[PDB]
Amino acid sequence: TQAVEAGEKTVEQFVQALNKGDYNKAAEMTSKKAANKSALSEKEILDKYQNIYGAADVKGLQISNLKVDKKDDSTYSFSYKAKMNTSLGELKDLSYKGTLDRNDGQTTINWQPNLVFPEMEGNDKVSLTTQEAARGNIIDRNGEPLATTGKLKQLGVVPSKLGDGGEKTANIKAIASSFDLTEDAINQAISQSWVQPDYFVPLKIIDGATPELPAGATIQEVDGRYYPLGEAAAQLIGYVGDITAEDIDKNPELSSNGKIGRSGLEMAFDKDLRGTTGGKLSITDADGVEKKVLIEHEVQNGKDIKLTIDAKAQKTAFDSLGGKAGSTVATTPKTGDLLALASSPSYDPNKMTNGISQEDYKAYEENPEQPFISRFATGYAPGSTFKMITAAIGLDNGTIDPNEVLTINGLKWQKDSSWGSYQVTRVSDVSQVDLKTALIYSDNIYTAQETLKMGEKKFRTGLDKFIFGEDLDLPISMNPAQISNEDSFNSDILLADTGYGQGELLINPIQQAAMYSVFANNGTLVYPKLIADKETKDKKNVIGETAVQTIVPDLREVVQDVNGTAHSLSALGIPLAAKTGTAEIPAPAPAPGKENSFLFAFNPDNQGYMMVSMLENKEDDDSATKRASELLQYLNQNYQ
């Protein structure tokens, strides 16, 4: 019994050494090379495991049903089931067997080639054949491609056929000026270490018509991932990059020769898009004829993925941001279909996946506006656009009388002297302010007062009926919205600020469109939906239908009234309810006093489209309302 328990420990440490990939440590637990002992030396066992397990990308070896008995006075037989993960799937229900040797005071393994794979004998070989799976496409709600695998026009040069002296310099300047390339970039490419004189050195992917080819220029058709919307959908879709050996160590089922999604939807849906590798893992005799087939299945190409995105709305929404920092979200608020998820500024996902320089990537990574940020998934203060929610809550619990008129004198206001230097500010000095007036002029002081009159308890009661703290069911990495840091404001200042959408509020543009959808569904919140086939989810009685039929008529006036903050949109001549907003930028910040401009807008007749646009760190005289005219036309025309 004392020796049977020591033999079990030896098998477990041996298996553990194999699972950890330390084949040397596993071989030093085997007995001497002999006929009834081990079949190979220690360094020969090392190389056989490293070659075979390394070829099939074996990972995660674990055992079960371990039985160790006794066969002779120095021989103990052992057996166990085992499973492992390879580049072709899981190897389940493997029956291993062997013998132990208890000479001396230690117990070792009589190593045999059947401890690599069960039915292996002597000088048996292992063969792995694999067929790459094609990555699936990403398409919009109408079948238009957002991420597809296609053929690209690879522009490159061959240094030998270029010239000797002077003729080589004339063609490099000719190819650099004919394909929009630096004259230094072409010479640095043809002078890298990997280059030989007769090689084809790639340069650029030509995404259009190919111009005249100077001496030495040539185009070669290659296959790769292509993004038709380019930067307009870069943050949402993402990009794919070459697969590294580290990626294979984490997941052997990837193709060492394939592409993996590095960010965005390409990464969120990497498993469904990459498919599964096909092929066969077989054991052969010492010459090359199959004994047993361990794993085999045919190649399965990746599934396509259809989004609620409209490829035309996505492009217009992005272009309307004019390269400035901001984001735009468009939905069909009755169902939650995300028509557009635009973030700006952006990067080139085609240049990103088809080889990007160190400096072009460093330009993206060190831009202060940070184009890599998915701004539709980043928590912001919602801005004074948040009056609608505070007002709707105020009408529900009766704190707000729509016809009661507060008297506000000036542009600054504070409750009392204990606020010190803090004051609630408004842009328009209107003396007599009712609810309809406050929404038309975006009067933060009216909102700040009604919030204090409502109190924290009644305010949170109305706020909690929304989606604060909830994780949305979306394939987009995001954090849940929050009312504040803690469960109590514990500050009349923070309470008043949260009233008109400042404070510690944090709501990303997608979560905003979900919260604001109550005004298109009579108080029912419609959760947003990105995958086209998913079922529409909702949350009823978020705000009262009374509050909706009170506020939406006022939100029309924000567009129609000549002093409405969104009056520039009445030029469209379409049924519009809107609300503008502003918010102060917090955090460290390289410039302390910077503002964010918000715009919410939807069709109050058909409830067919909804829009939430923002402009981070806005330039002067710029606003989200100036830029929304184009997207509003398209959404009004195509989504009734």
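From 1 onward, residues are counted along the sequence shown.
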query: Average Cα temperature factor in the PDB entry - higher stretch of 372-380, 168-176; finding: 168-176
query: Higher-scoring stretch by recorded Cα B factor average, 16-24 or 612-620; finding: 16-24
query: Which of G322, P252, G156, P553 ranks first by CA B-factor in the deposited coordinates; finding: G156
query: Selection by C-alpha B-factor (highest) of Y361, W194, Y500, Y527; finding: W194
query: Ranked against its chain, the third holding the CA B-factor of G122; finding: highest
query: Record-listed C-alpha B factor of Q131: chain third; finding: middle
query: Among modelled residues of the same chain, the CA temperature factor third for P590; finding: highest
query: Record-listed C-alpha B factor of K579: chain third; finding: lowest
query: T447 by Cα B-factor - lowest, middle or highest third of the modelled chain; finding: lowest
